[PDB]
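This document starts with two versions of one protein chain, written out as structure tokens and named structure 1 and structure 2.
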Structure 1
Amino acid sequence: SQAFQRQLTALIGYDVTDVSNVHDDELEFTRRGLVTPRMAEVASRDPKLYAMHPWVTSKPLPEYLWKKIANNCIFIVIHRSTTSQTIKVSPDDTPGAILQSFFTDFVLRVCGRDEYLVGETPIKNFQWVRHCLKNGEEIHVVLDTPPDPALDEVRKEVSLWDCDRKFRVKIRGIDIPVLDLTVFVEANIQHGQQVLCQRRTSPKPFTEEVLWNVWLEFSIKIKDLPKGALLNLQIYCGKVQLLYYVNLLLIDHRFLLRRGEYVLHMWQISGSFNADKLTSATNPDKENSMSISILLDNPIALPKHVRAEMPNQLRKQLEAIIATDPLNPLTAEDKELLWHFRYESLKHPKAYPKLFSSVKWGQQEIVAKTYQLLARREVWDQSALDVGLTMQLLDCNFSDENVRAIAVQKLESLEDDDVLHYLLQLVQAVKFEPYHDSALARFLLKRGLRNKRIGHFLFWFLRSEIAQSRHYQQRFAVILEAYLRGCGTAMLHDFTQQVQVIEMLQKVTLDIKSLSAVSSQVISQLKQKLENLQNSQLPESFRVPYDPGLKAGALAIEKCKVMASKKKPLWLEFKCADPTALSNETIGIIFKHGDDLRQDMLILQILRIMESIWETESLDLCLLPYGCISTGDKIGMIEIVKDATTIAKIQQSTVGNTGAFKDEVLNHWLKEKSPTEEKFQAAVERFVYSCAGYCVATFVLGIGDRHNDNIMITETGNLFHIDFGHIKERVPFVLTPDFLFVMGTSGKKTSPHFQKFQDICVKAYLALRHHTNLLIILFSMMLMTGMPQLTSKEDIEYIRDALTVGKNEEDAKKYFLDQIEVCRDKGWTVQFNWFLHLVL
């Protein structure tokens, strides 16, 4: 009976039915809330297409993949059992069109993977194909029986506005079970990051109990409280310093004004725009944490719901405002203009964030007018999707549901490919929702239930935060529960196996790490533990979390290692469970405790967004954003990139443990890995592109100044950065004399390959700059939701500079070409300084 819930709790990693840490019924309301959305998508989804989850795209096939074709000819090696016949096919052939061509019912599965080439889309539009064309590989499929939908079967089942009183809250006091100066409470009525009204208590002495018994009357009227308003209660000591915070929605999920006695356990601060500050969750640590005691009282329920001509100077002023970037602050004058010309502004979708930031949300008549304005949103509805613009409306500056819902409206038009690109940060954006049940929450729910791949990643992203965010685990747990109740028994069993496996592996990771105080004569224990796991405890096979097409099989005990590191990560290799796998390659997974890999997920995901941006300008910069999933507290997994070594090690081989750093070694290493000259210059060009990619991407992100035992290269020239969570003079990025000699330059010269590198960099850079807004917002979101450390205005404003906002294109070329030159001017000075730093 309720054994199903026990399953779901183990899958979720948090007890959703628990009510030990609630002061209302919002979470439970949201479970019931999501039942319909879950049922509606579960009932409406095509069961066969959900069983095979064809991964496809409507983006045009890029130039770089077109130029790799032999005139409407892609070869597809089909497999029965023994041999395999090849078939010339047009890029535009549907998989049906190929099946009747081969027959000269069944379906084509990719060899070694849970991936199918099925559906009414041309074969150029399946990702697996575009992947094979990119890396220069042959397309191997198998004539297979379709999977039964049965396997996916789902186990079935007084007006606030008539109230002119000033709002007020009684502060009874604070109590802390264990703590020498004074302390006061600051009560804020918030909407977004905007403080509407503020009041303080008198300072009393900071004893383990402090009582005030004071009515704080606010300047705002009850009628003027907008939905999603937050009573943010804060505690300072003293000169002042913030010690604790908690929040409480003043208008609840049923539109009722919040009333009665509350005892709210509070969050502490580390020794600032952090998403965690926004949460409505209270601290679950009742025993240790500070708490505050309040009383709301007056049942009051909130009701549900000009010409456009102007002077020339004002039109220009307003257009100038509408044009500035998302982090340019609006002045009082700017806001007043936007709002007066409300309806002119409404015609420009790009005005929307700014205009909805010009709304006085603490004034009921103005919010009414704002809603009348959202009634007139034809142009918004008609505009082509700008994700950049849409993401801004979903960030911390917008707490109003109707405003936010129009963002989620635009997201509905995203094809499944693009939801995958933005899914991590859409899931992170749930952190900005005032309520647990939101348009965004349901959007993620339904897109996830509509598609096994979004669903798969949705699970791990949500679970990532449920395992290590007390601030948001409750909300996300509710959402994930909603998902698991509609994903199908097949996936429930998949997910179950994966969690079982990663818990086994993380334990071994944690235990091996305990047995070392940097080397290892006890790689004995590791191999011993892995043998014990593989004997009746680890399953025959499991889906690889960061690449769900791949199923892993038996471990390769002999190939598994621990690193001569401080954090002793594991290096695990598995046999692919799929007998149809044509490769011999193992599946390689690193397990690391010690870094916050949520930071790594975000940077790696932004790198993908960059790649996708580049694809729109027909540029490929061969970035290698390897798989990475954060699975728990300072713990996670990383996709092992095969045939790859660090730059440091290439230097340690032809020099030693010293900074002697020869300019020549990398090219030497490359030359000795390339078998032919055909592949060497291919390697070298692959490296010019890689290097350019990572110089630009890392510069824009402000993570370009790196230790070179944290930059790797494949044996085919593909450079890539690693260890992003690891983050006296500096440098823009890493373009060292070793890299420059592969490009055929030295000290103060130029070359064919180097001139290209600049040519590629400048294109790439200016390319990202065409999506300035999108990047600025993802960067702000990234910091706010994933780096508690780095969330001051100054931190967030780094990317304005790096993307040379306001500058013309030609001037931006001159900026970056200078950045490049700063590296030429520094050579090994920083690298060397890193050696002296990171080795003494």
Structure 2
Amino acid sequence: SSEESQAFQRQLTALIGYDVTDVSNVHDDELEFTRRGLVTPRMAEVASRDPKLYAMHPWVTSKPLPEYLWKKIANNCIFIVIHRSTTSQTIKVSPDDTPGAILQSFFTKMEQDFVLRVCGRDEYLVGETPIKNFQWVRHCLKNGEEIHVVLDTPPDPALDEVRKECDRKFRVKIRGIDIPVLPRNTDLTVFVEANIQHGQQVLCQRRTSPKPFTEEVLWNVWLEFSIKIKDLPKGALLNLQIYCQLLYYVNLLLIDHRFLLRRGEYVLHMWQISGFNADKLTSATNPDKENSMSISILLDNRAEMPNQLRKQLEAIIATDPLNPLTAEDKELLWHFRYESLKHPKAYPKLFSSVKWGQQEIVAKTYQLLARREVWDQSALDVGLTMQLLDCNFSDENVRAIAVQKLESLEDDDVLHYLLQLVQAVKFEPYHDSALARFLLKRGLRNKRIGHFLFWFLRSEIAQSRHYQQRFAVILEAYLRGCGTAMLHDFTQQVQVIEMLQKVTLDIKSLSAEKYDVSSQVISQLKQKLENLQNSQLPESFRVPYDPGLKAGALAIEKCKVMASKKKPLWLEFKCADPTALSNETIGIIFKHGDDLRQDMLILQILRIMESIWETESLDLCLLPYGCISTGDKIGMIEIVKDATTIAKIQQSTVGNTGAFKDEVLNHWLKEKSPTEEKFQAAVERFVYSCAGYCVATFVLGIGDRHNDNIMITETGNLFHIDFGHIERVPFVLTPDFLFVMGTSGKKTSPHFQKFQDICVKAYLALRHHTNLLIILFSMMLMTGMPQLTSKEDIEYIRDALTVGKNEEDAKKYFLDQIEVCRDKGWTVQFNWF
């Protein structure tokens, strides 16, 4: 430790937003043991990575180029437009043409160190991929637009340079509980419930005598459990809870990171229930020693299946993730564990049929996992892998075969799944996990991944006390290997975000909950932005939410505070790239008031749904806008260009306190389209994007939305906003949407029939991926909600995806829902005030 060493570590702390060397809220070694453990995987990935592919991070896919999109290539021909200083020049090109081939199919069209970069962006077309297999290229095809690439020097890889670095039964003594003040109620009773717990399966449970609820309550009882010390499984948690009814909980790992039984005296500060949630499982103690309840404790311690059994089995094995097993189901899985091993899809259920509190069963479990050829030969099924990483599996061997599968994800697919894999770190018993390290590896290997990993981790560190220490240790590890270049770049973004976040807080307080932005507010705002430009603010920052774009200077006069109780800022920037082919603006909405973690989670489910749709050649035209959560009820949102809310459209030549008429959306649509062509391209886009959002939202159960929360672009693209947030309609298909499709008001249309057609296609696309959608929704709820039912809330999607139907029963169902919305026209829209 020099200065040096510590100098650098001070930078890290501000990048993270947490001090990982602080050891004042720990009662053991684990965290520091993870900092040192993560050194090896990091270095291995630094040492092993390609310097120039790392510096240029092509964003590519191995996936087939969809039916739509080929249908946008005419004569096996793709036009690319190079640029050198003031010169341009197109180049006709073939789908399979590697960027190296294209570059010389240009030098022959009349040295080595020139790269095919994108205009506007830190985005290279490089490495050995058919151009059609770069994502920027596919963005340009889907979107009707031309590919523009500058010709310049390949970024110096030197900038990315990484810095030099017993058969006794188990018992617990419950000494007592202490809390500086209760005043919440007068009196009542309290007991401590101590649960021995594995994969949220309670192994044993004892409680204390009840006693009067006073500021200090002492017991001081040995609670003897039914289980032997030797049958405690690794990852087993002492769960300690205070009831009246549940008020407080905390957990202690019975077995530690060094495989030793937790021995000794503990005073543990607890988390308060504020009224099935990832938070409940944390091995972290509450850092607030002042206001917190504490508890103190001492630890002193080959055959042939009856054709119809086999079909019993296969029916169990073919049932959904949320289908409960019975004692019988479990005994059948376990008894026929080797038969079950032949089915990859049985793995979750088979592992839930294990008695984890028996050492000899656990051992037999390990013996069957040594026999892992069927699993290792199986194609990655992400949904099934995801299930083994959720709250029901606390065993490291089980969780580690799940991660093993994830190893073959391409980078493109990591990115689809990144937020939910970061969130899944919360179901890990230990800080250092095969999952922790896979995310670490994948981040260091790819800058795009590594950038989102930063903000994903940072979002949790800034607002999860339960989980911020774990996530900070993993973030530090990332940061000590991403390169001083990336480090430089994160520092800047944090700098800007902090600056811009003060301004949105300051400005909010100034405005009352009254629907008016006062002269002197927009005055106050314009002021700070100048008083900040113009100080203060970096010459240019990378847009988080979109790491290719770089923002430069604000456009003070386009900036404003938004017609919302939340008073978000609407900021606009000049794009610091001269080579950019527009002068369109980079818009970021900063907002305090909403939990944008919920938005993130939903938005990422929606990108996934679009990939599901792509595999079956459907484009439902979602606009899943960028949205980075930054701290407690605060963060950033992407401004969609030429977009207007659907409430604002209705409050037209009409006006305010009334009333909703069925055209207007159509007029606005023609009003906005320069040619009757463009109009029709818009009505088309509307039928698709409409369909996508009705399926998506019905499945996620977030369909009943008010139309100030539904937007549309000038080109017909519908999109829901503010997921926020939190008589029944299944989705928002109002008369004004129908008109545009062309069916006032109980008939059929060429375009309604199409809409109905597209919904049915896309719905059925999703149910093919039913098990994947269900695990995502279930983790979503556990790691990003208020409270959620370990039956009914999660089970919504089961019923939405119409599990255990044929394609017929389902098409019916969805067309039924389409109707409910038509039968109710404007009811629920009006029902708002």
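Between two forms, the rigid core is defined as the largest C-alpha subset superposing within 1.5 Å. Here, a residue number simply tells you its place in the sequence of structure 1, counted from 1.
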Only residue that shifts (Cα, 2 Å or more, rigid core superposed) between the two structures, among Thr804, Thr791, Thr772, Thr57:
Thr791
Using the rigid core as the frame, report the C-alpha movement of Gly659 between the two structures, one decimal, in Å.
3.6
After aligning on the rigid core, report the distance the C-alpha of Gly747 travels between the two structures, in angstrom.
1.6
